[PDB]
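Presented below, as structure tokens, is a lone chain in the form deposited in one PDB entry.
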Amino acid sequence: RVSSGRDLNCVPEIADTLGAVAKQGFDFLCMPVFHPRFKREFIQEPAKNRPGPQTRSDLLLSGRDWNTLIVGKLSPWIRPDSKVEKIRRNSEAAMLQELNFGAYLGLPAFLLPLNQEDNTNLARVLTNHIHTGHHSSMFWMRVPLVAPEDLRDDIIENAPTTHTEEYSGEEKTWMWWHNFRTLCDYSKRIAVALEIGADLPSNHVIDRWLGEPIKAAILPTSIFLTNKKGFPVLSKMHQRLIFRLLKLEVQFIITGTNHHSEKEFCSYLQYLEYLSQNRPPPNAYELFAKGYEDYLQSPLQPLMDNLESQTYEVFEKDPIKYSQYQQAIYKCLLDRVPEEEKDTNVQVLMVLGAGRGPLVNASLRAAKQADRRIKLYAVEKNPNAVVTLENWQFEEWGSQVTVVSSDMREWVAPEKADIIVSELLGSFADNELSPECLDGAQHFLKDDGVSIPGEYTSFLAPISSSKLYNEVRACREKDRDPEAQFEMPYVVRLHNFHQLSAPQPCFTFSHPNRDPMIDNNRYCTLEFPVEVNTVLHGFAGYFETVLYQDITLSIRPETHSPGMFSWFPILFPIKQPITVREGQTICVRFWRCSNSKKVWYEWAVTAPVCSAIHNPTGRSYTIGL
């Protein structure tokens, strides 16, 4: 169920207040750490020398309570970007005082408002405070989904609400946040508290906040409608937004007074709980994937490195994937061996990269399903996995399966293969060097031999995620190029991001590749039409593969294989975010480069502005042959 918080601007005494919101069922309380009306002077006498105390004592709650249950709020009179110098200098001193008192109490979060365009001085003070001792505390920037100026009632006679459409103008609230977080240099301690009004804007205004670090969603009591019974509820469009935020796994803050006087105040919260609780449980895939959401991992290199036993275990725990491989082989055997030849003709079947032999078992099931004879070879260069195969071979399989412990490009086969079955695909299809491996194994494939898969294609889509951009930025290591983290791909269950255009195909490979002049190097130019204002942070990578004829695997979102979690998407980031406004086309260039020892990718944005060429000479990232 939901992790909820209460927002109050009136706390007569903290102990009774915190106890009350606890009974209501709130997990934390947002409150002022100084009385909101208690304006303080720091320069001009005599107000300067006001007798203390300046606020309530830290002894009123336990250290646990301050660390867990209390979220600080900046006093509303503090205006660091005032046009009046006196108010600026005083608000600067006031802001530091309240922030420093929050740090003193060890609060897990502190709320600061963005409710105008110019928050440059606010940013300067916050950035200075952030860079004064390494702390854990979060800063929730309170940003309205719609500016109060654009939400006001049309009741001013000589200043009417502009009924004319302004696409960029209706996104102004996002630009307030973007400018602020840019000034503060994408600090990981600065997140968004998105405040939602009674009237929701256009979808493009909401979609602007996809990929943004939203930690809180503020729901005023105003926006809640009333049913026949009298309980508070939300509109179908408001419910839609809650379900989008429940996926992002944000904390919900209730603000404003009780207007539904007849019923208890907990009713507001009980409704949010009802929404979240009445949702399809995760069950298969969803829960395993939920833990990995936006978790950056280095792509596996099963050729260069020997995979651990538990890495093969997760590969093996994908029944849909091996159901398909079985069906692909099942179909192929019926095509190659006529019914009358079933007892005479025995097909030579070679599993190239057998691991612990799930494809070996898939081959045996397919054979007796198809009612055809097969002679199995299990080729695996990982000698630790060969232990698993040879124990399988002695105990269960027998002579039928022949386990070969070597590289498929090196192995001298005693006979040629009718079918070769491989699993050498990464999240970007060819990023584990399936092409080079199957190319080297192609000599012991029969003149009319079949490769499973026979084809695979990589797909790229430009994405916006300030969240993921910041996670890549945090992967800076000592004893290497400070920007190396931006010049290498990551395998990540992409969650908090925004697809800016439909995925297009990048690189395709066919097997067998009978071409005399075999060159696995590639250069691909993709034109991505963008119909939204956004910021480009990288390119999401997927793949499709033809196992045999119509039997296919895909992690392409649009055509994704149902209930298959062997592969998460790949992410190709860029050093500098690129502004892309409505209508503009994103042009990305992708190279697949190689020498005798290494294979790598280079990539560059060429429109609407040029980026640097990423990973030149594979300096940051290489895939070992």
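The first residue of the sequence shown is number 1, and the count goes up from there. The term rigid core refers to the most C-alpha atoms you can superpose between the two forms while keeping them within 1.5 Å.
Only in words, not in the display: the form deposited in another entry, which the text now covers.
Only one of 191, 500, 424, 218 has its C-alpha shifted by 2 Å or more between the shown form and the other one once the core is superposed, and that residue is 424. In this overlay on the rigid core, residue 516 has a C-alpha that sits less than 2 Å away from its partner position between the shown form and the other one.
The Cα position of residue 410 differs by 2 Å or more between the shown form and the other one after fitting on the rigid core. When the rigid core is held fixed, the Cα atom of residue 237 travels less than 2 angstroms between the shown form and the other one. Relative to this form, residue 429 and residue 489 separate from one another in that other deposited form, with their C-alpha atoms ending up at least 3 Å farther apart. In comparison with the shown form, the Cα-Cα distance of residue 389 and residue 430 decreases by at least 3 angstroms in that other deposited form.
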